[PDB]
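In what follows, chains carry the letters A, B, and so on, assigned in the order in which the sequence lines appear, proteins first and then strands, with residues in each chain numbered from 1. Both backbone and side-chain heavy atoms feed into the values below; hydrogens, waters and symmetry mates do not. Note that ligands are numbered from 1 as they come in the structure, with each ligand's atoms numbered from 1 the same way.
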4 protein chains.
Amino acid sequence: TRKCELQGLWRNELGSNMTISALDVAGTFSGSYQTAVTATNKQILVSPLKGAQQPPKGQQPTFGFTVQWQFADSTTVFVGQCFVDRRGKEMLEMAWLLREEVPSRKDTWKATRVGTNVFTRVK
Amino acid sequence: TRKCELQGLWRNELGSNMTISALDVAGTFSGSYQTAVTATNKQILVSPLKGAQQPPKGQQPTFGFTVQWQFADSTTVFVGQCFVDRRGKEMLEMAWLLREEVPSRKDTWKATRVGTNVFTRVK
Amino acid sequence: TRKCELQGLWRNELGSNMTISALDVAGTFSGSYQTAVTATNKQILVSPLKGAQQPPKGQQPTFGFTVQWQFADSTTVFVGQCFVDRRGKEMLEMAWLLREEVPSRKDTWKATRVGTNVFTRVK
Amino acid sequence: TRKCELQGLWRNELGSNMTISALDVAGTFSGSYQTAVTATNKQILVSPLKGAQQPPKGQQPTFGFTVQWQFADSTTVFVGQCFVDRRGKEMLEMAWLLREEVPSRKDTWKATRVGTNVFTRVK
Ligand SMILES: O=C(O)CCCC[C@@H]1SC[C@@H]2NC(=O)N[C@@H]21
Ligand SMILES: O=C(O)CCCC[C@@H]1SC[C@@H]2NC(=O)N[C@@H]21
Ligand SMILES: O=C(O)CCCC[C@@H]1SC[C@@H]2NC(=O)N[C@@H]21
Ligand SMILES: O=C(O)CCCC[C@@H]1SC[C@@H]2NC(=O)N[C@@H]21
């Protein structure tokens with residue numbers, strides 16, 4: 001069963017697109033992310049990601065990745081697990097932190113936004 | 001100036017140790033993490049990490065990484081920026097999400113812990 | 001228009017129920033919360049909440065509240081904004097932190113879970 | 001022992017000041033917050049807060065509150081526990097979410113910043 005294999009094109013509720021290329025045997029993967037949204041006034045560009053998954057009880061292993069935004073000084077990390085429901089539908093449940101670059105140490109308090117995303121496989 | 005180079009051994013306020021190996025030119029890095037603490041009842045083991053930094057205005061670039069815990073079903077992601085103060089002292093300001101593996105989709109609501117860490121370079 | 005008035009019975013995607021009683025003129029409100037889920041092994045009980053909303057540009061004001069769980073040592077805080085869509089449907093977008101009570105200061109790192117909820121008005 | 005009574009003037013690492021007035025018997029409290037920092041370009045003003053603490057094993061009970069900022073469209077909620085160390089020193093360990101008001105539902109993804117604070121009692 002290839003169900004819940006991270007490898008693939010995924011989309012989230014914001015309309016973002018994400019590709020995860022094949023995992024190596026260490027469980028590390030790379031890919032790219034096309035966000036539909038930005039907190040900057042910059043043109044959105046496809047951006048590389050780098051992550052790792054835990055080794056596979058009936059449960060998909062947890063994974064995480066870092067997106068290196070190509071058009072913004074920021075960095076997002078996403079952490080999640082895949083689930084398959086009744087009718088075979090796969091979903092990535094993810095929580096994320098978006099870190100903006102700040103000029104001095106004293107601005108770090110405001111540098112991190114948090115939220116969640118739900119991804120499903122693009123048909 | 002090698003000030004705020006991620007490469008190195010770092011420690012945080014919890015007494016965790018972290019090594020970041022040299023960055024490649026794409027800005028991706030790997031390394032390992034020795035946490036002083038765990039939310040499981042398992043023996044702590046050194047664990048690989050995989051991350052990426054943004055390219056370097058006077059400001060260090062943001063970075064993120066994923067720790068693949070070797071003794072736990074979980075995954076942590078850390079996101080941060082380095083700062084150098086007056087007397088040349090470097091600090092990584094980081095926020096993180098720890099994701100526990102859960103049996104079903106309905107338990108995802110409780111799967112993510114959040115917090116911050118401050119790292120300084122081991123002498 | 002009473003659209004997006006916090007006053008009311010709301011439900012979230014987890015199937016939790018929440019009542020917010022009338023706001024006073026200072027914008028503070030109280031109410032109760034019936035969670036469908038718990039991270040403890042205790043019987044769920046209806047729990048008081050205490051919050052405040054900002055004063056009302058076309059935008060609903062932000063609000064927050066604290067739930068004092070009656071069956072758990074923990075405390076949740078929720079922060080959010082209400083939205084009304086095209087066909088008049090109201091939704092509370094909320095982010096939350098659940099704080100478990102810990103025995104010593106050194107366990108605080110693991111004490112806080114984070115997530116989001118979406119509430120709609122019970123018909 | 002009045003050790004770890006929330007009632008009092010507290011300060012955090014950012015240099016913010018906070019007053020918590022006496023708790024009522026239900027455990028609800030009010031007070032005010034003077035932040036040293038803001039993410040807006042507005043003049044900072046003292047702001048009311050409204051919270052509740054859990055009832056008091058050797059462990060302080062968890063609490064939470066909402067700050068209704070008087071100079072910003074936002075709302076912060078803080079959740080925490082008090083600790084007393086060896087030499088009698090009290091500390092509030094807190095995690096928080098700052099929610100900015102957004103024009104439409106589609107901007108909610110970026111509306112929530114997260115972080116932590118440590119408060120000690122003003123001498
Ligand atoms: O605005 C930035 O600085 C970079 C774009 C970040 C987009 C964020 S990452 C989390 C959330 N989920 C998405 O699919 N996009 C937004
Ligand atoms: O408990 C687990 O499931 C894995 C160990 C996680 C340790 C966390 S990661 C964030 C925080 N910072 C640390 O240095 N260690 C803890
Ligand atoms: O488990 C506990 O310690 C108390 C119950 C907490 C339920 C949480 S609060 C956030 C999330 N949203 C809900 O409607 N319920 C869970
Ligand atoms: O900027 C705003 O919109 C309101 C001021 C918020 C200040 C935040 S709240 C969390 C953090 N801790 C503080 O003591 N101040 C900042």
Is the side chain of [X] donor-acceptor paired with the backbone N or O of [Y] at a distance under 3.5 Å, no angle test?
| X | Y | result |
| --- | --- | --- |
| B/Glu90 | B/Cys4 | yes |
| D/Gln54 | C/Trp69 | yes |
| D/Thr28 | D/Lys50 | no |
| C/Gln7 | C/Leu23 | no |
| C/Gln43 | C/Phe71 | no |

With C/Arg105 via side chain to side chain donor-acceptor pair (under 3.5 Å) - residues at least two apart: none

Any protein N or O within less than 3.5 Å of an N or O in ligand 2? List each pair with its distance, or say none.
residue: ligand 2; atom: 1 (O); partner: B/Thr38; partner atom: OG1; Å: 3.0
residue: ligand 2; atom: 1 (O); partner: B/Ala39; partner atom: N; Å: 2.9
residue: ligand 2; atom: 3 (O); partner: B/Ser74; partner atom: OG; Å: 2.7
residue: ligand 2; atom: 3 (O); partner: B/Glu100; partner atom: OE2; Å: 3.2
residue: ligand 2; atom: 12 (N); partner: B/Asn117; partner atom: OD1; Å: 2.7
residue: ligand 2; atom: 14 (O); partner: B/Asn12; partner atom: ND2; Å: 2.8
residue: ligand 2; atom: 14 (O); partner: B/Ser16; partner atom: OG; Å: 2.6
residue: ligand 2; atom: 14 (O); partner: B/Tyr33; partner atom: OH; Å: 2.6
residue: ligand 2; atom: 15 (N); partner: B/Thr35; partner atom: OG1; Å: 3.0

